[PDB]
Amino acid sequence: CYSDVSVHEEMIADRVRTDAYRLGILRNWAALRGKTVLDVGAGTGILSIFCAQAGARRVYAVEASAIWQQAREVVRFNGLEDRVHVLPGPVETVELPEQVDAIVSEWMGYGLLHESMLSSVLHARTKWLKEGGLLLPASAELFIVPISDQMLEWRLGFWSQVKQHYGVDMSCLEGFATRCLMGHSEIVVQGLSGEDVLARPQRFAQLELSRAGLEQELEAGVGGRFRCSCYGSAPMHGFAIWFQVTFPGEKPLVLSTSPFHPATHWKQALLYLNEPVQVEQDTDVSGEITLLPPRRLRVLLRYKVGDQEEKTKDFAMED
Ligand SMILES: Cc1ccc2c(c1)[C@@H](c1ccc(F)cc1)N(C(=O)c1ccc(Br)o1)CC(=O)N2
Ligand SMILES: Nc1ncnc2c1ncn2[C@@H]1O[C@H](CSCC[C@H](N)C(=O)O)[C@@H](O)[C@H]1O
């Protein structure tokens, strides 16, 4: 259980994630006080306990993986076993004695595990949430922007620096490094900063989690067109995608994974072009992006940089 503890350690050590959930939940104290909550995928149980601190009478903490033992332990240890009930197994088959006033979950991320988690939360909403019940978070939004990855630039430049240190010219391996690091069709999860961002980020989709038939909409695919204009001269390496989610308040609380906001464990998802393309101030960058489900979540991208012809590059997540 090494990667098992590391995953839960990583989440809890993310103060942006954890304070956002804590405040997001607490700020609904008036709607939660004395009410019932389902925590879908409770993990170590911290979100369920946040709900109790907000005043919930009963929280059902449903967890499919072995970490539920630790959740049971943490709740019992905090003396909340009367108010938080840890239930092992998948949410799709759990039996609650009542329908709930609110659902909390932390389903977001990049890959098949997270897609499966949203589906499970939507299954639970339809099955167990009362009409007009609270969803925490309630919505998500997806953003895209052209980027220049400084770390990648260094790695691509590395082979040209070997001569200076060891008297052997390996500059000829730039082509090789580029093909290997950029020519694949995988999504790369990497943390960027604001200076990597080459234009204004564009929202390309919104997911309102209360909508019935969202499961159906997701299966078709989520996304849309985008357009933007670059800020200055740079080697454009591709696009970054990220999300935010919103907790209703009475101003809503936003948990964001943007490169301009504090770093989170989610980082951003990078879509590299096959090789770098030079952009300038006012270079138009436009395209269409679609995220959809051999069991793979495909990212379909068609884009145009400047006067270049439109190009397709499709990526995938097999997990
Ligand atoms: C079609 C679909 C279905 C479920 C679904 C996704 C996409 C998205 C998603 C992630 C976060 C959100 F706030 C919203 C959506 N997910 C992705 O992997 C993803 C996003 C960008 C790239 Br690149 O990949 C998995 C997920 O958490 N949920
Ligand atoms: N169908 C399902 N039913 C119940 N739990 C699930 C599930 N699919 C995944 N999970 C669990 O959901 C968790 C997501 S990790 C989030 C953990 C916790 N809510 C926290 O915020 O700290 C994992 O621990 C995983 O085992």
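Residues numbered from 1 in each chain as written, not as in the entry; some residues may be left out. Chains lettered and ligands numbered in written order. Heavy atoms only, no water. Residues with missing side-chain atoms left out of burial classes, pairs and counts.

> Lay out the pairing of strand β12 (residues 268–279) in plain terms, naming residues and giving numbers.
In this sheet, β12 lies alongside strand β7 (residues 188–190) in antiparallel orientation, the contact comprising three bridges. Considered in β12, the bridge of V189 is made with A269. Bridge count between strand β10 (residues 234–247) and β12: seven bridges; the pairing is antiparallel. Bridge pairing in β12 links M236 to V277. (Pairing = 2+ DSSP bridges. Helix = DSSP H or I, 4+ residues; strand = E, 2+ residues; numbered from the N terminus.)

> Can you break down the pairing of strand β2 (residues 58–63) residue by residue, with the values?
With five of its six residues buried, β2 lies for the most part within the structure. Relative to β2, strand β1 (residues 36–40) runs parallel, the two being bridged by five bridges. Across the sheet, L38 pairs through a bridge with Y60, a residue of β2. For the crossover from β1 across helix α4 (residues 46–53) to β2, the handedness is right-handed. Where β2 meets strand β3 (residues 84–88), five bridges bridge the pair, whose relative direction is parallel. Pairing of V59 across the sheet is with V84, part of β3. Crossover connection from β2 via helix α5 (residues 68–77) to parallel β3: handedness right-handed. (Buried < 20%, exposed > 50% of the residue type's maximum accessible area, 1.4 Å probe, protein only. Right-handed = clockwise from strand over helix to strand, strands pointing away.)

> Quick one: what's the story with the sheet that holds β2, residue by residue and with numbers?
Taken together, five strands build an open sheet; the order of strands is β3-β2-β1-β4-β5 and the sheet is parallel. Only two strands of the sheet have a single partner each, and these edge strands are β3 and β5 (129–136). Going from strand to strand, the sheet's axes swing by 25 degrees on average, the running direction of each strand aside. Along the sheet, helix α6 (residues 112–128) makes contact with β1, β4 (100–105) and β5, crossing β5 at roughly 150 degrees. (Axes fitted to C-alpha atoms, helices over the stretch in contact; angles between N-to-C directions. Contact = heavy atoms within 4.5 Å.)

> Residue-level account of the UniProt feature "active site" in the chain, with values.
As recorded in UniProt, the feature "active site" lies at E106 and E115. When you line up the elements, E106 lands in the loop between β4 and α6. Since its relative accessible area comes to 15%, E106 is described here as buried. Filtering out sequence-adjacent residues up to four positions away, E106 remains in contact with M11, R17, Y21, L47 and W266. Within polar-contact distance, the side chain of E106 engages the side chain of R17 at 2.5 Å. Within the fold, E115 resides in helix α6. (UniProt positions renumbered as here; feature names shortened; annotations may be inferred. Polar contact = N/O pair within 3.5 Å; in protein donor to acceptor, adjacent residues only side chain to side chain.)

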